[PDB]
Structures are given as C-alpha cells and as structure tokens.
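J.: Just so it is clear, I am handing over final_39.cif, which has mmCIF, C-alpha atoms.
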data_run
#
loop_
_atom_site.group_PDB
_atom_site.id
_atom_site.type_symbol
_atom_site.label_atom_id
_atom_site.label_comp_id
_atom_site.auth_asym_id
_atom_site.auth_seq_id
_atom_site.Cartn_x
_atom_site.Cartn_y
_atom_site.Cartn_z
ATOM 1 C CA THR A 9 0.000 0.000 0.000
ATOM 2 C CA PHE A 10 2.146 2.918 -1.222
ATOM 3 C CA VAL A 11 1.201 6.386 -2.521
ATOM 4 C CA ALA A 12 2.075 8.306 -5.710
ATOM 5 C CA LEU A 13 3.796 11.396 -4.253
ATOM 6 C CA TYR A 14 3.639 13.087 -7.679
ATOM 7 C CA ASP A 15 2.202 12.332 -11.135
ATOM 8 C CA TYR A 16 5.296 10.921 -12.911
ATOM 9 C CA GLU A 17 4.709 12.086 -16.505
ATOM 10 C CA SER A 18 6.562 9.199 -18.197
ATOM 11 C CA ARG A 19 7.174 9.686 -21.939
ATOM 12 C CA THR A 20 7.529 6.115 -23.266
ATOM 13 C CA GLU A 21 4.835 3.410 -23.137
ATOM 14 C CA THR A 22 7.272 1.169 -21.226
ATOM 15 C CA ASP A 23 6.404 3.017 -17.994
ATOM 16 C CA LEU A 24 2.836 4.211 -17.347
ATOM 17 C CA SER A 25 2.454 7.718 -15.946
ATOM 18 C CA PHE A 26 0.381 7.555 -12.755
ATOM 19 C CA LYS A 27 -0.795 10.402 -10.526
ATOM 20 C CA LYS A 28 -0.904 11.444 -6.857
ATOM 21 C CA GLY A 29 -3.867 10.270 -4.751
ATOM 22 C CA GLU A 30 -4.232 7.060 -6.792
ATOM 23 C CA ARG A 31 -3.630 3.687 -5.099
ATOM 24 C CA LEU A 32 -0.823 1.530 -6.535
ATOM 25 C CA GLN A 33 0.497 -1.907 -5.506
ATOM 26 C CA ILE A 34 4.320 -1.869 -5.510
ATOM 27 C CA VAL A 35 5.831 -4.923 -7.239
ATOM 28 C CA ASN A 36 9.609 -5.146 -6.752
ATOM 29 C CA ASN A 37 12.654 -2.901 -6.159
ATOM 30 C CA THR A 38 12.722 -2.050 -2.434
ATOM 31 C CA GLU A 39 15.658 0.387 -2.636
ATOM 32 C CA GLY A 40 15.086 3.915 -3.982
ATOM 33 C CA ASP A 41 15.050 3.895 -7.807
ATOM 34 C CA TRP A 42 12.190 2.961 -10.175
ATOM 35 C CA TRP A 43 9.970 0.213 -8.785
ATOM 36 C CA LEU A 44 7.130 -1.163 -10.927
ATOM 37 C CA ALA A 45 3.630 -0.823 -9.447
ATOM 38 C CA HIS A 46 0.406 -2.418 -10.733
ATOM 39 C CA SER A 47 -2.910 -0.517 -10.622
ATOM 40 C CA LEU A 48 -5.812 -2.504 -9.129
ATOM 41 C CA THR A 49 -8.369 -0.580 -11.216
ATOM 42 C CA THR A 50 -7.629 -1.755 -14.777
ATOM 43 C CA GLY A 51 -4.534 -3.878 -14.065
ATOM 44 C CA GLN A 52 -1.837 -2.085 -16.092
ATOM 45 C CA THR A 53 1.890 -2.156 -15.257
ATOM 46 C CA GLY A 54 3.749 1.164 -14.928
ATOM 47 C CA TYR A 55 7.159 1.975 -13.408
ATOM 48 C CA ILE A 56 6.446 4.531 -10.654
ATOM 49 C CA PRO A 57 9.528 6.557 -9.666
ATOM 50 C CA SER A 58 10.598 5.957 -6.046
ATOM 51 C CA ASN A 59 10.940 9.723 -5.528
ATOM 52 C CA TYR A 60 7.364 9.992 -6.834
ATOM 53 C CA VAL A 61 6.028 7.315 -4.448
ATOM 54 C CA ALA A 62 6.067 6.678 -0.690
ATOM 55 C CA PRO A 63 5.036 3.833 1.639
ATOM 56 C CA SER A 64 1.814 5.429 2.941
#
Would you mind writing the file's structure down as structure tokens?
T.:
Amino acid sequence: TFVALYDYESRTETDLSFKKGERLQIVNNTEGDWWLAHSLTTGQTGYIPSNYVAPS
C-alpha cells in the first residue's frame, strides 16, 4: 500500500504515468530507484519513480 507522491509524466509506453492520490500496488525494487507498481483498477503495469512514491 504505497502512494504516488507526484504524477510521474513518463514519456515512453514502457512506464505508465500515474498520478498522486491514486492507489498503486508496488511490485519489486525495495531500494530507492524505479519500482514497478500495478494498478488494481484496470490492471496495467507502470514503473512509478521511487521519488514519486512513498510507503503510505
């Protein structure tokens, strides 16, 4: 249960650009870098920046 600090505006389709206030389920990468989170709404996979996310 993390939180999207900001709305990472990715530019490539590889990473999906999420937003702040939306719920995301972290996937891997525990350190601080670019962990991949999966949205529970549709079920897409987007790399949310660690600086743009935070453990609740």
J.: Expand the PyMOL selection byres ((chain A and resi 47) around 12) into the explicit residue set it covers here, and present it as a ChimeraX atom specification.
T.: /A:9-12,24-27,30-35,44-46,48-56
J.: Could you save those same residues with C-alpha atoms as a PDB file, in the frame of the given file?
T.:
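Done, and the output landed in out_39.pdb:
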ATOM      1  CA  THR A   9       0.000   0.000   0.000  1.00  0.00           C
ATOM      2  CA  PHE A  10       2.146   2.918  -1.222  1.00  0.00           C
ATOM      3  CA  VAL A  11       1.201   6.386  -2.521  1.00  0.00           C
ATOM      4  CA  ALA A  12       2.075   8.306  -5.710  1.00  0.00           C
ATOM      5  CA  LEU A  24       2.836   4.211 -17.347  1.00  0.00           C
ATOM      6  CA  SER A  25       2.454   7.718 -15.946  1.00  0.00           C
ATOM      7  CA  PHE A  26       0.381   7.555 -12.755  1.00  0.00           C
ATOM      8  CA  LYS A  27      -0.795  10.402 -10.526  1.00  0.00           C
ATOM      9  CA  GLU A  30      -4.232   7.060  -6.792  1.00  0.00           C
ATOM     10  CA  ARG A  31      -3.630   3.687  -5.099  1.00  0.00           C
ATOM     11  CA  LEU A  32      -0.823   1.530  -6.535  1.00  0.00           C
ATOM     12  CA  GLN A  33       0.497  -1.907  -5.506  1.00  0.00           C
ATOM     13  CA  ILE A  34       4.320  -1.869  -5.510  1.00  0.00           C
ATOM     14  CA  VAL A  35       5.831  -4.923  -7.239  1.00  0.00           C
ATOM     15  CA  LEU A  44       7.130  -1.163 -10.927  1.00  0.00           C
ATOM     16  CA  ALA A  45       3.630  -0.823  -9.447  1.00  0.00           C
ATOM     17  CA  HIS A  46       0.406  -2.418 -10.733  1.00  0.00           C
ATOM     18  CA  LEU A  48      -5.812  -2.504  -9.129  1.00  0.00           C
ATOM     19  CA  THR A  49      -8.369  -0.580 -11.216  1.00  0.00           C
ATOM     20  CA  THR A  50      -7.629  -1.755 -14.777  1.00  0.00           C
ATOM     21  CA  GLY A  51      -4.534  -3.878 -14.065  1.00  0.00           C
ATOM     22  CA  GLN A  52      -1.837  -2.085 -16.092  1.00  0.00           C
ATOM     23  CA  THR A  53       1.890  -2.156 -15.257  1.00  0.00           C
ATOM     24  CA  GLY A  54       3.749   1.164 -14.928  1.00  0.00           C
ATOM     25  CA  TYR A  55       7.159   1.975 -13.408  1.00  0.00           C
ATOM     26  CA  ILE A  56       6.446   4.531 -10.654  1.00  0.00           C
TER      27      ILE A  56
END
J.: Could you state the separation of atom CA of residue 36 of chain A and atom CA of residue 57 of chain A in Å, given to one decimal place?
T.: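 Taking atom CA of residue 36 of chain A as the start and atom CA of residue 57 of chain A as the end point, the length is 12.1 Å.
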J.: If I take atom CA of residue 19 of chain A and atom CA of residue 37 of chain A, how far is one from the other in Å, to one decimal?
T.: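 Atom CA of residue 19 of chain A sits 20.9 Å away from atom CA of residue 37 of chain A.
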J.: So that I can check the surroundings of residue 58 of chain A, please list as number ranges by chain every protein, DNA and RNA residue that reaches within 9 Å of it, counting all atoms listed in the file and ignoring chain neighbours fewer than 5 positions away.
T.: A: 12-13, 39-43
J.: Next, the residues of the selection above should be written as an mmCIF file, in the frame of the given file with C-alpha atoms.
T.:
data_model
loop_
_atom_site.group_PDB
_atom_site.id
_atom_site.type_symbol
_atom_site.label_atom_id
_atom_site.label_comp_id
_atom_site.auth_asym_id
_atom_site.auth_seq_id
_atom_site.Cartn_x
_atom_site.Cartn_y
_atom_site.Cartn_z
ATOM 1 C CA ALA A 12 2.075 8.306 -5.710
ATOM 2 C CA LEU A 13 3.796 11.396 -4.253
ATOM 3 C CA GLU A 39 15.658 0.387 -2.636
ATOM 4 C CA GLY A 40 15.086 3.915 -3.982
ATOM 5 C CA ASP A 41 15.050 3.895 -7.807
ATOM 6 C CA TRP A 42 12.190 2.961 -10.175
ATOM 7 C CA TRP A 43 9.970 0.213 -8.785
#
